[PDB]
Structure formats: structure tokens, C-alpha cells
Number of protein chains: 2
Amino acid sequence: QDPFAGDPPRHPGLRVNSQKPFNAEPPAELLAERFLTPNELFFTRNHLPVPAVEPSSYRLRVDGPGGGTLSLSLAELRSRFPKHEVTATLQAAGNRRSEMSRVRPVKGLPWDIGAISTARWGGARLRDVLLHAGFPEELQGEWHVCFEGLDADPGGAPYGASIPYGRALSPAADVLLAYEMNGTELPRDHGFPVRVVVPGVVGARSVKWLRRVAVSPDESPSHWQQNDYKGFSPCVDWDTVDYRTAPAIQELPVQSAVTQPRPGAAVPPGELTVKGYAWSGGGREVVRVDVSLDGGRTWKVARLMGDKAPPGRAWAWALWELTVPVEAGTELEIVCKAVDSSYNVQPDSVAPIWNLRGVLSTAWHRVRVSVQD
Amino acid sequence: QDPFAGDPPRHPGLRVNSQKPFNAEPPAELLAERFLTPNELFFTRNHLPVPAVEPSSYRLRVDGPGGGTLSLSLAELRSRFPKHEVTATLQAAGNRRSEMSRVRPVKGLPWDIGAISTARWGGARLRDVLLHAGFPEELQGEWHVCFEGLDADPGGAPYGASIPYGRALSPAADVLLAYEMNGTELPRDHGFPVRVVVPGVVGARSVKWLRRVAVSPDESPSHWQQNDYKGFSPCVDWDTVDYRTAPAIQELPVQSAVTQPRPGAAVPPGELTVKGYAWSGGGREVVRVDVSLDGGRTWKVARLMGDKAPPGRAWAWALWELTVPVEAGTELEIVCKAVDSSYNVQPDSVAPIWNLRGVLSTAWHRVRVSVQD
Ligand SMILES: Nc1nc2c(c(=O)[nH]1)N[C@H]1C(S)=C(S)[C@@H](COP(=O)(O)O)O[C@H]1N2
Ligand SMILES: Nc1nc2c(c(=O)[nH]1)N[C@H]1C(S)=C(S)[C@@H](COP(=O)(O)O)O[C@H]1N2
Ligand code: MOM
Ligand code: MOM
């Protein structure tokens, strides 16, 4: 009776942590090999079966201020609104969960360093769609924009998330209703025919397979806006957790990881090129990446690849690399850490950020290797 | 021949690290005793002699888009523009420098935990003054607003700093040209008759004793915008430093400190109330403060005093407190650490953020005490 029979096929080289629903990340060897992650490798994160969508009978629902409903077809979304492109990294709340479970087991998909990818998205500006539906530039008080997807659970409830009205209306926030990804139409796994893209914020809020946009006095009433995607003290456990006591994750903290070489690898002597990525929420730029060969006692500054984005609008990761000298038969512990435009930094160790749900894993990334003789 | 004879007198209980120029902080016992720091205790940071200002012949200079100059008197600044009030914490770039020098000596004023204070500022909105001078809401490209103060060095050069045009024009950024502080007129030490207040950013940019506001394609050409107030890798030293390689500090990272009890104090048994402060740049709210009694192996969540500010506009610190049980003749290492609305956190230790200039000290704050028998 398989609810997943309809799912699309995937690239055979992904690291799959869950088949049903499908949740996988690119192999770390390939993760930072390009600045734009090819579509078929882009990390994929699904809560439910992937909806089968028939393009022409597709209608996106958008309720105007007055409770009247406007309803947009896919053709009309492409032609009513000037297409805008935005290059943005999506990062799973629980990227790097693995390292947290090493300290104490947590419940969640066991992502490694790869629950993150970058793509050039293209489509309508949400701000434009809303203005078109009749909304003003500014509402009085705290308002939220709610998205529902087409995928729902056994019992009817759709996946949903929300963002602050302000962020939705802002030209600089670049919030897209994308129908293109890396120059082609949105793949099924990635939200075909339409998804929201919220630059600078946790991946959880980029609703895929979009069916509705509502404006409201409150956050998305949904399970995943309300009872998931929050960070707690390392002391909080499954009996003590109170979801009303922490804000829903929106922006993410500064983050980086070593993608080459891999743990346990033996590398040749002379010169070693260490490569990785770094990124920060909030559209805040990565301004420096320090790398260590000795477990974080001494550091050197890595080189940042990529082109500078406007101030406040660094939605894309920075890729870094650092070529250094390595001795016959030494042991290296390779550490990296990133600093952003607000000078936020990454913490030394993992225990003090541990949280029962395994999200927000951004302590320094350590990689043990040896040098052959 | 004393260039400082003219300086105002101070409160006799301040912790002075430099008499000439005057640079002092409130005693830590008093630092967090109120939410608004009384004027006479507010940390004071001067590069130069304090200018003697004659109110009525005071003119603030403001150059309109066209290179023509408008020139505002103090009366006119009070009456042309609707007074707006903003409660904001100013924090020295080098707050908590002390802890950094403990690792390796640095050059700078040796601030302890107190180079920070909060006050309700009142005065003209910079955005309004600029619009009045003729500027538009939005300029094409990256533009900067430059401030000069009345205080200059032996050889003519005034203290100066700048902020992004965007931040200056934004209603939400609350950038004030203040003439009031905690309900009275600006004290001399604190900028009388006018100072800039930039919420959410390092104290360095709140030019006191304001004489000019210029709009420009570039940052403030001044020594302190260009060759100071930047963060470097812990590897960079006095011979290797390149000031063109890091951004000028604007927003600050998440920060907290224990203000009570004090290092080396012996406290009574039974119950101990630990009090402190926490704050974050960017108008990002402090959402949690964990406190440890055992040097940071186990944590408990402190209570946050204060009232929630609008989203994105938490310019004021949060004060926290936590009452816990303490045993006869134990040793405590009290640690605190804060997490903000973007979920940025504070790093475990200081060595890995060390920088040749001692700025950006935000590793966990440790406080050793004993419990009497
Ligand atoms: N409809 C729908 N949209 C969704 C999800 C989902 O399960 N259903 N998952 C969200 C989460 S938690 C993440 S991290 C991103 C993953 O985006 P990607 O699958 O394109 O990498 O999708 C977001 N949008
Ligand atoms: N004219 C002038 N303005 C100035 C300074 C200065 O030396 N001269 N110091 C700046 C710095 S570095 C700081 S931290 C703040 C201190 O503000 P406070 O002295 O009111 O606490 O003033 C800022 N504005
Ligand atoms: O679960 Mo989505 O934030 O990876
Ligand atoms: O030097 Mo001012 O940032 O304390």
C-alpha cells in the first residue's frame, strides 16, 4: 500500500540516512567541490511523501488582507512578477548532529557535515506577490506569513512554517517564491513547481511544494513551527522540555566544517590542501576562517574563495582552502572555525551546546588524519 | 600647561584605568544593580580632553546632498524634530580585555567586566535630520555617514567614526542624535550638548561632542575607523597586522558576565544569588543564560529580568539572576554564557579568540569563590 511508491528517483551516490521519508546529503568529497551545488546532489530533506504535481492545474493560494482569496496559477506567477534571482545556502537545523550524539545520544536524523547546500534560486519576490494581493508595506504589531505545503501526514496535517511579516515585505531580505533552481525548473525532491526560499534562515522555513501563503497575527500553528526547531539548554531533557520557553529558530549562527581531507585518512607528505565551507545566518558575511593542525592551539588564516555580496546580504556560504606543510608520520588534528561580520564566533566544544534534539551543532569541526612516511 | 585642566569632575567611586584621558568603569558591585545605569556611574571612555561647550553658540554642521551646508543650533535640534527615546547599551570594544591579557599581554586600556552601561537616550532621529537636510531614503551603492567630534589631538585631527547610510536612514535602527541621557541633559563626560547613539553597535561609533555629519562614498577616513576597532586571528602580531584585511567592528557578538559575587569572595552557606548581565549586538535579543557552579560541566537556566523589546530591537542588556544551594566549605567556579535570538553562543575559552589589540573578549566569564563553613 506504499505511500512512497510515488517518490522520485535519486542520484545513487548520496549519503542516505532515511529512505522513507527521503533524507540524504551529498558525499563530503563532493560537498565543497563547487560553489553551486548541482541539483542532483543538493541535500534533500523530506518529512513526507513527495507530492505529485500536475503543473497546469496547480494553483497557489494567497489570501488578501480582507479575507478574500486570490489564487495564482504557475504561468501567472512567472509572468505577473519580475523574476529575481538569489543565490542562497540552505542548512538543516540539525546539520552536524552526529557530533552531538557522540557526546550523548539524541533523537533525530543523524546528519554528518553535509546537511547544507547552495543553489541559485529564481522566481517571484514574495514581497511582490503580497503587495499584489493587496497588503501594505507595513502592518501594525507583530505579524507573520504562513506557508503550507502540499505534502500532509496520514491524518491530513500539512507541513508548515512561518516568517516575520517584516522579513517577507523587505526588499533586502530577498525572500523568493522560487520556481527555478540552478537554472532549471525545481526538481520534485526540491519542491516542484514552487517553493519558498528564505535566505539567511534555517532550512526548516523554506516550505516546498507550496500551496498557501496566509498572513496572520501569529506564527504558523503547525507542529514544526511550534514543537520543533528550537534550541534549549544542555540541561533540558525529554521530560522537562517546554517549547513555549524558546524562540523558533529563524536565523542561524556562524558555522564551518572541514570537507577535505576526511577523518582517518592518511595523506602524503610535503603539502596538504585543506578545504572547507563557512556560512552565517542573517545575511551576515563570513570574514575570516582560522585553521589548526594541532587541535586548536595554533591557527592560521585560510583563504576565502567566492565574491563578496552586498552588505547584510551574504546568503551564500564561503568556501575556503589552505595549503600547508606536513611531516612524515605525524598525526594531525585539523580544526576550523569561522567569524562573521558581527564578529560572532564558534564555540570550542560540543558538550556545552548539547541539546536534547541535536540542533544547532556549530562547535569547532575536528578531523583526525595521519601523514604517511 | 595642562590640556586636561578643563575636564569635568567625576564620581569618586569609579574604577579608573586612565586619568588623562579619563577612562573608567562603575564598580562591578553596582554595575548590574539597576537596569538603567545612573549617569554618574555610566562607563566613560575618552580619547582626548573633554571639550568645553558653550550651548547657545553651538552649531552642528550637516552637509546636504549637493555639497551645500545646513547648520543646526541646539535649540533648533530640539524643536524642529520630534524627540524620540531609545534605551540602549553602550559596550566598549575592549570590554573584558583583562581576561585576554591574562593569556598573553595586549596593548590597551585594561578594562575589567564593566566597560558597558545602559541609559535611556533622547533626542533627534538621525534619519529625520538627514531627510531634513535633503537626503533621500535610499542612495545607490554603499554609502556612509561620518561624524566628527569637537575633541581633537595635539595636531588638529578630531575623533571620528562612521556608519552605513542604510543604518542611518532606517526607522528601526533607532540611531539618535541625543541631547538627553536618563532624563537629564547630556553630561560633559558623555558628550554634552550632543552625541550620536548607535544602538546595537560597538561603542566606538557613538561620536560624542558632535560637530559634523557628512554623507560619503567611504567610511570615516579617521584613525579610529581605519586603524583600530578591528578583530584579527589569534596568530596576528604587531609586525604582521594588516588593517585592510578585516571589517571595521560595527555590530557586537553575544556577551555576558557575572557581576555578583566577586572573584575570591567567600560566601555564606545555604542560598546564593548570582547576578549578571547579557547583551547582543544587532538589536538581537538575549534568549537564555546558562550558569554553572562547576566550571562549566553542568548548567542551569538563569532568570531574565527586564521587558521584552520589539523583534530586532533589543538594544538594551538583559539582567539575570539565579538563586542556588551552596555547601559548607566548597569551592565554586561560577560560569555564565548567553545565547541570542540568532542562536549565536559564546566560546568556551579565551586563547582561541586572542587578538593583538584585546578587543572582542566574550569567552565564558569565570568567577572563583569559596563557601564558608
Ligand atoms: N513541504 C515541505 N517543505 C519543506 C520540508 C518538508 O518536509 N515539507 N522540509 C523543510 C526542511 S526542514 C528543510 S531543511 C528544507 C530542505 O530543503 P531541500 O530539501 O531542498 O534541501 O525543506 C523545507 N521545506
Ligand atoms: N568625540 C568622541 N566621541 C566618542 C569617543 C571619543 O573619544 N571622542 N569615544 C568613543 C568610544 S570608543 C566609546 S566606547 C564611547 C564611550 O561612551 P561613554 O563615554 O558615554 O560611555 O564614546 C565614543 N564616542
Ligand atoms: O530539518 Mo530542516 O531544518 O533540516
Ligand atoms: O574604545 Mo570604545 O569601543 O570602548
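Going by the conditions given, is B:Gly94 under 19 Å from B:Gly281 (Cα atoms), assigned to a loop (DSSP other than H, G, I, E, B) and assigned by CATH to the domain that holds B:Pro171?
yes
How many residues are under 23 Å from B:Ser342 (Cα atoms) and either without any contact (Cβ under 8 Å) to a residue 12 or more places away in the chain or within 12 Å of ligand 1 (Cβ to nearest atom) (or both) when one looks only at the range A:98-131?
Result for the range A:98-131: 9.
In the list A:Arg125, A:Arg188, which residue meets the criterion of being assigned by CATH to the domain that holds A:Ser57 and surrounded by fewer than 21 Cβ atoms within 10 Å (Cβ to Cβ)?
A:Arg188
May I ask you to list the residues in the range A:74-112 that are in contact with a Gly (Cβ under 9 Å, 6 or more places away or on another chain), away from ligand 3 (no atom under 13 Å from the Cβ) and within 14 Å of chain B (Cβ to nearest Cβ)?
If the condition is that a residue be in contact with a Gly (Cβ under 9 Å, 6 or more places away or on another chain), away from ligand 3 (no atom under 13 Å from the Cβ) and within 14 Å of chain B (Cβ to nearest Cβ), then A:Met100 is the only one that fits.
Checking A:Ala88 against (1) surrounded by 20 or more Cβ atoms within 10 Å (Cβ to Cβ); (2) assigned to a loop (DSSP other than H, G, I, E, B), which test does it fail?
(2)
Got a sec? Which strands (runs of 3 or more DSSP E) wholly within the range A:232-338 have at least 3 residues that are away from chain B (no Cβ under 13 Å)?
A:255-260, A:270-279, A:318-326
Among the residues of the range B:147-164, which ones are closer than 21 Å to B:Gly312 by Cβ and in contact with a helix residue (DSSP H, G or I) (Cβ under 9 Å, 6 or more places away or on another chain)?
B:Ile163
Being surrounded by fewer than 19 Cβ atoms within 10 Å (Cβ to Cβ) and within 19 Å of the chain's Cα centre (by Cα) is true for just one of B:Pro164, B:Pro171, B:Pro199. Which residue is that?
Being surrounded by fewer than 19 Cβ atoms within 10 Å (Cβ to Cβ) and within 19 Å of the chain's Cα centre (by Cα) holds for just one of B:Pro164, B:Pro171, B:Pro199, which is B:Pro164.
Pick from A:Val106, A:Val62: which is touching a helix residue (DSSP H, G or I) at 6+ places or on another chain (Cβ under 8 Å), β-branched (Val, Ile, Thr) and more than 30 Å from A:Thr184 (Cβ to Cβ)?
A:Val106
Exactly one of (1) away from every other protein chain (no Cβ under 13 Å); (2) more than 24 Å from B:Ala75 (Cβ to Cβ) is unmet by B:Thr184. Its number?
Of (1) away from every other protein chain (no Cβ under 13 Å); (2) more than 24 Å from B:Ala75 (Cβ to Cβ), only one is false for B:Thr184: (2).
If a residue must be closer than 23 Å to A:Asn95 by Cα and surrounded by fewer than 16 Cβ atoms within 10 Å (Cβ to Cβ), how many such residues does the range A:1-26 contain?
Residues meeting the conditions: 7.
Do you know which residues across the range A:29-58 are surrounded by fewer than 19 Cβ atoms within 10 Å (Cβ to Cβ) and over 28 Å from A:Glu148 (Cβ atoms)?
If the condition is that a residue be surrounded by fewer than 19 Cβ atoms within 10 Å (Cβ to Cβ) and over 28 Å from A:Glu148 (Cβ atoms), then A:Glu29, A:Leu30, A:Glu33, A:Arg34, A:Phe35, A:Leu36, A:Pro38 are the ones that fit.
The values are calculated or read from the model by the stated rules, or taken from the named source; these are not laboratory values. Quick reminder, even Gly has a Cβ in these numbers, built from the backbone with ideal geometry, and neighbours come from all protein chains shown.
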